[PDB]
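Trainee: Please find one structure pasted underneath; my questions will follow.
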Amino acid sequence: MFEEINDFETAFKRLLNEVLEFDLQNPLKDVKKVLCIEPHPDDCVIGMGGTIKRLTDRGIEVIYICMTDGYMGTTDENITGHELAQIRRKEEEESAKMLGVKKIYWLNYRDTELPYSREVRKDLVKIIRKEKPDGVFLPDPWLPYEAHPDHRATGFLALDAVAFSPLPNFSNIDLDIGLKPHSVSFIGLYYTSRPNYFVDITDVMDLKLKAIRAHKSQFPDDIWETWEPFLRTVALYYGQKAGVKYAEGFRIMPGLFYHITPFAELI
Amino acid sequence: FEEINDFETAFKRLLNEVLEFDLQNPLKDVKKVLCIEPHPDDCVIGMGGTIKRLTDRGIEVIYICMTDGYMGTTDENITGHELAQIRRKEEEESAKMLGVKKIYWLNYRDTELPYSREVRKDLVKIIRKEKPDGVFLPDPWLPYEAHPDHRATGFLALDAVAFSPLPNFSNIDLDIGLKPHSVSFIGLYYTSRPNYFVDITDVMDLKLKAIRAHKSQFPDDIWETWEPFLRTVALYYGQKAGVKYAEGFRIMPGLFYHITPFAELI
Amino acid sequence: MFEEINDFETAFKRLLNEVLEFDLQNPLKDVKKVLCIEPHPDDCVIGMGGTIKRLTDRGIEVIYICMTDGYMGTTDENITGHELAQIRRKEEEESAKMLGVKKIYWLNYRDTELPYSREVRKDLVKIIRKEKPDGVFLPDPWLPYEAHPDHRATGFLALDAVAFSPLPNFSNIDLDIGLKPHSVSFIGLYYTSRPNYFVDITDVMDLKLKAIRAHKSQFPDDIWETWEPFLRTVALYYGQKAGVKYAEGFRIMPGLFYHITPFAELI
Amino acid sequence: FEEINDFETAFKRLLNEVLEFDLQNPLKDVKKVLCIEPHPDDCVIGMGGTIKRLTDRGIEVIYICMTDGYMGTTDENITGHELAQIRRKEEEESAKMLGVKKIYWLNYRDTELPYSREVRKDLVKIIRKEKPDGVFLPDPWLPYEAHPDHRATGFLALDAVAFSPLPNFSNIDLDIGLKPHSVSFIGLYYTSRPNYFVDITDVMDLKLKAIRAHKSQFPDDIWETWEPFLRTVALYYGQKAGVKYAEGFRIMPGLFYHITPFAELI
Amino acid sequence: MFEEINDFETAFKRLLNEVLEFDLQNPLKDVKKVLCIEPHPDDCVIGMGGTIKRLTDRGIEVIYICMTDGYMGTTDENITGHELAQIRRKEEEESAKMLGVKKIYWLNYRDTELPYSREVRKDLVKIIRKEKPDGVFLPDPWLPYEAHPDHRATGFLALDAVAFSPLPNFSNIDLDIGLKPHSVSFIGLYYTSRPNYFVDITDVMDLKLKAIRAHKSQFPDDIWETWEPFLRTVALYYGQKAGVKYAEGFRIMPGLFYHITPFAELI
Amino acid sequence: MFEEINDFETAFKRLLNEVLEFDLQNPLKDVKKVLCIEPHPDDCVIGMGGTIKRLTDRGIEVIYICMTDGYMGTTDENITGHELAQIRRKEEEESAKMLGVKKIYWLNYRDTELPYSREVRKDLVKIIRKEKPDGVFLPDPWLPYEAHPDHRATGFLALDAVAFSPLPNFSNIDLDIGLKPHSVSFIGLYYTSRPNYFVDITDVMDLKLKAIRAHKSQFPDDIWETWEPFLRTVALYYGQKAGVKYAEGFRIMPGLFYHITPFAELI
Ligand SMILES: [Zn+2]
Ligand SMILES: [Zn+2]
Ligand SMILES: [Zn+2]
Ligand SMILES: [Zn+2]
Ligand SMILES: [Zn+2]
Ligand SMILES: [Zn+2]
Ligand SMILES: [Zn+2]
Ligand SMILES: [Zn+2]
Ligand SMILES: [Zn+2]
Ligand SMILES: [Zn+2]
Ligand SMILES: [Zn+2]
Ligand SMILES: [Zn+2]
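Rendered as structure tokens:
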């Protein structure tokens, strides 16, 4: 009957609800395993640490992929990048335990030098095909005024990896050695300015801040004077829109809307 | 112009009198246009209705296809080389149904279209040879466009248009006897900020047949989702144009693609 | 506290005013030396030439960095790119004298071929660490409909250079030969469509246009017929928002807002 | 070793007692080998006779083909995608005639095989999965070799062998449950400094049939030149081996591919 | 026939003489048009200037392809690379007139930054397909102890261009706009240490040295003190092997011997 | 008088001895400061450790440049690359003290991923211009059967850096921040198969082996069973040619012979 619809608003509701079976009310329905893709050690916990704790509490398996080693993130002239990499691995392991996270994949690209290349797509696809996750969380590459190249590259690479994982001609040696081409059901953008889904983290906010603080190298007492207020202000910003004190915002869309969809921004 | 102190007046004066910019009939004196598609099918899905309307009015429409479409199957039994051959026949078939006779294949692999000087030169070489009056290309600023080939194609196409008239750009082209060429017209399809509309209500059924010609891409089960999707897109452009089904284009003066802070105000 | 606040609007005002000590009213307070980063010879003067004259008059040292040689910017079949590069160096030297500008750094990347690479980041960091400037002006890489690759690359590279200059592990050979990490106090985006700060250039507009016209290769009489009205229309656009006739618009944000800040666009 | 003061003595002692290097029977403990070919046909042209002799003695021989062979025709009617499909069937046919069952296709385009970390990882992934005892690869030091794919394949293959055993190299391979692997044997084919020879006089006619299986590459007119060429190569290795027709290999200890100034002395 | 040969030496003589019809005595039999590919302005004249004069005298059309602009080749702190490029264009034009050379193609890659890429192969193939030359002269990329990256890249790129020009699937847009595949009959390597063919240049040596000296920027009086003796010593080295005073050495092989030929070094 | 020589052998002797003033008998005459360029931590000491001790004993300043971090060089699954980098820095510092070496520059490129790029050339040129060394030692990039990409790249990059350091248009920002072009007097290739100069290390051989063994991560007891005999066999190979027990072999040529010299291999 779709041929004889003459109003956009009607066709849109019909496309989302009946054709795509898209659900914003409970979009995590049948997800048991999710990947969180972080550009740097700490990005997962700062972006969506509260939501990760809430997920592992409900018995959802949450696995980290860390794109970089975090080699550059110190102003101390006494800490070489190799020293800092070891330090931030221990820190992210510690931070991961406090939320329910057991498994981390390290790609080991150098901080500030994450290529936007076919090579990094293949590395991510290899992990998606092995772990066969139901959902993937990744930073929104369209975050206005995001100046960090690793953040822009990670978001775009992660969306490519999700879209190309189910194509048997993409990185075909993966299938030849016995991995299978996998479709992810769910995509969530964190660190986003246009969220359409909210998780209340008011009850776990104190644990989130403790798990951020586990990154001692990144949050000495002097830096923390600025960041505790910043992180609370972010949590309030998502909070206003969710009708709670403290929240984490996600943008969830159907796979289809990430390609040639001029009304994609209308959810 | 020295004596104007209000922006709104200077803006109307710049568009109307200085630039002589015309949204009412922007295809006035265009006889030949290039449609630049990242993949086989992108031209017909994006602006197939408009292409039929153009070739009917006797305008020559030439495709440039950036990639071979090697990756676009979930069938483990179709190699990329097999699929490339298949999608060439499909786009040839789809092209005949609209009035399109000439296709240039650059043969970059699907998902691996470089954003490089090299692909700019390939496009400039075609622009200088064919001397087209207008170029259609996908809007690289489409919100939430995740396909790298789509982003790269839009940016590369705008670069090619801007650099084709510069004799120092790809100078070997001139040494073997091509000439610099200036394009009159730029149109962005697959856009979320269109400012010009073509009614395709009368040709919508032909457009869908010409999309369906890409059998590899639209089996019956996929088509269950895509017919409604493509109709919903056509309705979205429709609402803004005051018809049922439309294709949206963004048209701006060449000048507004560079250091223009009010570019989004047309 | 900050724990006690449960309204976003309050936390936001508190974060800007008290935590970050951000001041839009006089943001150039303690800046004595600034770098202006231009993709092409002429971009500084066209973008913010009026502001540069006002700065050098008040005794602020303004230093240009030019990313490219301007090799491609002619339609004359008789002028090779090497010829035009020499010509536009003389032109930018001439244009620079008319405003108060004495020092220009030429990176000498070819027009239309400015890489977005670690290599160009190092080149810019080397200059920032040597000159120890208090502020940096650079083109807004998020300018809607900016099709020139050199403009997009320059803005992103400049923000990276500013962010990485203070990191001792970034381009470590710089410190080994006796340069020091440097933190830039001030970042200003010119050629922007979301300006939040304005400089009146009504009094110096005629000098700005003379200094643009000094680029003879780029502004013959026929081209100038279009560009004088264009440049006046731009100056009026910033003008309306500033409550003057002719202005230059800048976007100024705290350094923190260029990373994972979902309300960045809300100043 | 401390109290040796003559090079010639220390050299014999290093090879025989320390490294336990054996040129007389170097395939002692090899059950599985990879043959790495830049193009479809390179394995059979380079060492087809040796491959037949190996599979007859029950050794598993697995091909890795780096490229699709997209460029290797002067026929204006055959697109590269068409030719790729054709040369896959041809190499499958040629592979059956020798004892070869498994081919891995990397699907890099002919003439565009990068010398990159990315292609190293692709090869390491296969070496770690298949755990082969030996690897055959084209000698990248072949004088006057003009083909970039041949130079890149040889260097990449030696890198892959050297880096496969390092757990920090392509660490995601181990995280998903592959293991580091050390290859026991390295053989260079298409070499001008061979130190080991296989008699192929008895299987020469089968080798030529298996080369000819690549019809796209060896029409009757091309074959007029190549049968004599391939015979002349086989005679060149022959003279040095004391038979009519041979295939020459260079075998060295893994150690001699790094900072060994007397490497050329075996 | 060839099946019943049991001697390498016999099959080798038979392959060269009868099958390949290879002729070292007069290898320039049917060549009317040749390309000389030089990495830098001056490389053609220094390498084979004498041979070029002897060729243009006999009415052979000799066309230069210059890969780079020669931007880096001065120790003078006052001469920008753009200045030097203009200067070395005039110099090579002057040097070219003195030998019989009328047409030079400038690719305009920067000195020291000549990529070994598909892109430069396409540029060279485009010229080979347009000019349809019978022969190509290029520097021997296997020259022992050649440290200049532009020299190594030029030799390899030139051999690739020759090998790929006849393949319709290589740079297919060239054919779509109406160029045709072209097969080059003749390949000569200059600047080679394993030459197998010699041209007597004793009678034109003084003109060669004048045409080298035309590159004033490259050969001031002090540099020339070293280079006149060097260039004479090179000419004597080729001379001894040719049985004359002064010669230019070339390596000529069948096209076949540049691919999987283990006895290639045996001519 | 060079015009009226008619024999190569005579011109060759005359060019080396009188024109170039090339001296193999005492080639380190006026060198007080040398750079040793090593691809990996340990390459300097394994290649020419004995010669380094003999140089620092005579009061010559020897400065290391290490291209890579040595991240990949372990088969232990429990040592991350970041851990191993820290470990091999301490090891090379220890090994350096035992020979007379005080100063090491770390470029910090990852083991196995040393680019052959303009970027690494600039890094090396920056150090050559700052330290103004009289000589440079680097691994022979033409070593037959060298399979390590870092070894091939280091040798070529080092020769480029030496050749481009004196060109003011190469890496021009170096001069703008106050470094000067520098000419290196001396180039020595170690890890070479065609040496023409030898240093007796018989008396310091057991110190060299101790300084190699300082790299504990690289030489456990089991690995050392193979390498002590290997390193002794190498030292004997150079030994035979020098008429001593244990030696280190170097190739020294005039700078001129690294460009378009067909008789380069004839010294
Ligand atoms: Zn981060
Ligand atoms: Zn597409
Ligand atoms: Zn035209
Ligand atoms: Zn500009
Ligand atoms: Zn400072
Ligand atoms: Zn091949
Ligand atoms: Zn194993
Ligand atoms: Zn040169
Ligand atoms: Zn032809
Ligand atoms: Zn004089
Ligand atoms: Zn090493
Ligand atoms: Zn100096």
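From first to last, the protein sequence lines stand for chains A, B, C, D, E and F.
Under the numbering used here, the first residue of the first sequence carries the number 57, and numbering increases by one thereafter.
Under the numbering used here, the first residue of the second sequence carries the number -14, and numbering increases by one thereafter.
Under the numbering used here, the first residue of the third sequence carries the number 57, and numbering increases by one thereafter.
Under the numbering used here, the first residue of the fourth sequence carries the number -14, and numbering increases by one thereafter.
Under the numbering used here, the first residue of the fifth sequence carries the number 57, and numbering increases by one thereafter.
Under the numbering used here, the first residue of the sixth sequence carries the number 57, and numbering increases by one thereafter.
Ideal placement from N, C-alpha and C gives every residue a C-beta, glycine not left out.
Measuring CA to CA, which of B:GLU(-7), B:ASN62, B:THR40 and B:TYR48 is closest to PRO237 (chain A)?
Mentor: If we check each option's Cα against that of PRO237 (chain A), B:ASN62 comes out closest.
Trainee: Any idea which residues DSSP pairs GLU304 (chain E) with across the strands?
Mentor: According to DSSP, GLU304 (chain E) bridges with E:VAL255.
Trainee: Give me the Cβ distance between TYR48 (chain D) and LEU143 (chain D), rounded to the nearest whole Å; I'm assuming they're in contact under 8 Å.
Mentor: Rounded, the Cβ-Cβ distance is 18 Å, inconsistent with contact.
Trainee: Does DSSP put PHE275 (chain F) in a helix, in a strand, or in coil?
Mentor: It is coil, neither helix nor strand.
Trainee: How would you label residue 252 (chain D), buried or exposed, when you count the other beta carbons within 10 angstroms and need 16 or more for buried?
Mentor: What the structure shows of chain D is the stretch from -14 to 251, and residue 252 (chain D) is not part of that stretch, so it cannot be assessed.
Trainee: Compare the Cα-Cα distances from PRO318 (chain A) to each of A:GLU77, A:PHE64 and A:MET57 and report the closest residue.
Mentor: For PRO318 (chain A), the nearest C-alpha among the options comes from A:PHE64.
Trainee: Check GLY103 (chain E) in the structure and name its three-state DSSP category.
Mentor: Three-state DSSP puts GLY103 (chain E) in a helix.
Trainee: List, in chain order, every chain A residue whose beta-carbon is nearer than 7 Å to that of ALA141 (chain F).
Mentor: Result: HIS138.
Trainee: Below 9 Å on C-beta distance, what does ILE257 (chain C) contact in chain F?
Mentor: The premise fails here: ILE257 (chain C) is roughly 30 Å from chain F at the closest Cβ pair, so nothing lies under 9 Å.
Trainee: Could you spell out the range, first to last residue, of the beta strand (DSSP E) harbouring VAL104 (chain D)?
Mentor: That residue, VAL104 (chain D), is in no beta strand (DSSP E); its alpha helix (DSSP H) goes 102 to 115.
Trainee: Could you tell me whether the Cβ atoms of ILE257 (chain F) and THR112 (chain F) are closer together than 8 Å?
Mentor: Result no, Cβ atoms of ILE257 (chain F) and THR112 (chain F) do not sit closer than 8 Å.
Trainee: Note down, in chain order, every chain D residue with its Cβ under 9 Å from the Cβ of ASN73 (chain E).
Mentor: The contacting residues do not exist; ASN73 (chain E) stays about 12 Å from chain D at best.
Trainee: Please tell me whether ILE(-11) (chain D) and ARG288 (chain F) are closer than 8 Å, where the distance is taken between their beta carbons.
Mentor: Yes; because the gap between Cβ atoms is below 8 Å, this pair is in contact.
Trainee: Taking the straight line between their C-alpha atoms, what separation do you get for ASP98 (chain C) and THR130 (chain C)?
Mentor: Taking the straight line joining both Cα atoms gives about 14 Å.
Trainee: Looking only at DSSP bridge pairs, what is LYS89 (chain F) linked to?
Mentor: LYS89 (chain F) is bridged to F:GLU117.
Trainee: Any residue with its C-beta under 5 Å from a non-hydrogen atom of ligand 12 counts. Can you list them all in chain order?
Mentor: Those residues, listed in chain order, are F:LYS188 and F:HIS238.
Trainee: Quick one: list the residues of chain E neighbouring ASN252 (chain F), beta-carbon separation under 9 Å, in chain order.
Mentor: Per Cβ cutoff of 9 Å: no residues; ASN252 (chain F) is ~12 Å from chain E at best.
Trainee: Assuming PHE226 (chain A) is part of the beta strand (DSSP E), what are its boundary residues?
Mentor: Unbroken run through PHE226 (chain A): none, as it is neither H nor E.
Trainee: Pull up the CB-CB distance for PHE148 (chain B) and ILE21 (chain B), whole angstroms please, since I reckon it's below 8 Å.
Mentor: Actually they are not in contact, since the Cβ atoms of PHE148 (chain B) and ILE21 (chain B) sit about 14 Å apart, beyond 8 Å.
Trainee: Are there 16 or more other CB atoms within 10 angstroms of the CB of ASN164 (chain E), so buried, or fewer, so exposed?
Mentor: Classification of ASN164 (chain E): buried, given that the 10 Å Cβ count is 16 or more.
Trainee: Beta-carbon of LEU151 (chain B) versus every beta-carbon of chain I: anything under 8 Å?
Mentor: In the displayed structure, chain I is absent; the protein chains listed are A, B, C, D, E and F.
Trainee: Does the CB of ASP95 (chain B) have a neighbour CB from chain D at under 8 Å?
Mentor: No, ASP95 (chain B) lies away from the interface with chain D (no Cβ there is under 8 Å from its Cβ).
Trainee: Below 7 Å, is the gap between the Cβ of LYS110 (chain B) and the nearest heavy atom of ligand 3?
Mentor: No - ligand 3 has no heavy atom lying nearer than 7 Å to the Cβ of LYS110 (chain B).
Trainee: Can the beta-carbon of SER241 (chain F) be found less than 8 Å from the beta-carbon of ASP190 (chain F)?
Mentor: Yes, Cβ-Cβ distance for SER241 (chain F) and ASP190 (chain F) is below 8 Å.
Trainee: If you compare alpha carbons, which of F:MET261, F:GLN274 and F:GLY311 is closest to residue 41 (chain F)?
Mentor: Because chain F spans 57 through 323 in this model, residue 41 (chain F) falls outside it and cannot be assessed.
Trainee: I need the straight-line Cα distance from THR248 (chain F) to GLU202 (chain C), nearest angstrom please.
Mentor: Rounded to the nearest angstrom, the two C-alpha atoms are 53 Å apart.
Trainee: In terms of DSSP beta bridges, what is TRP162 (chain E) paired with?
Mentor: Answer by DSSP bridge pairing, in chain order: E:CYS122.
Trainee: If we call anything under 8 Å between Cβ atoms a contact, is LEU220 (chain D) one with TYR230 (chain D)?
Mentor: Their beta carbons are under 8 Å apart, which means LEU220 (chain D) touches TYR230 (chain D) by this criterion.
Trainee: Hey, out of D:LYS87, D:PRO99 and D:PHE6, whose CA is closest to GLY139 (chain D)'s CA?
Mentor: Answer by Cα proximity: D:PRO99.
Trainee: Taking the alpha helix (DSSP H) that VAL218 (chain F) belongs to, which residues open and close that run?
Mentor: Its alpha helix (DSSP H) spans residues 205 to 220.
Trainee: Distance check for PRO224 (chain A) and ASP205 (chain B), CA to CA, integer angstroms please.
Mentor: If I take the Cα positions, the gap works out to 20 Å.
Trainee: Looking at the secondary structure, which residues open and close the beta strand (DSSP E) in which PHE170 (chain D) lies?
Mentor: That run of the beta strand (DSSP E) goes 170 to 174.
Trainee: Name the DSSP bridge partner or partners of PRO195 (chain E)?
Mentor: Answer by DSSP bridge pairing, in chain order: E:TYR246.
Trainee: If we ignore side chains and look at the alpha-carbon of each, how far apart do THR64 (chain B) and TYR55 (chain B) end up?
Mentor: Cα-Cα distance, rounded: 8 Å.
Trainee: Which residues of chain E have a Cβ atom closer than 7 Å to the Cβ of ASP125 (chain C), listed in chain order?
Mentor: Here the neighbours are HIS138.
Trainee: Grab the span of the alpha helix (DSSP H) containing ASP190 (chain D) for me, first residue to last.
Mentor: Segment 189 to 197, the alpha helix (DSSP H) holding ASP190 (chain D).
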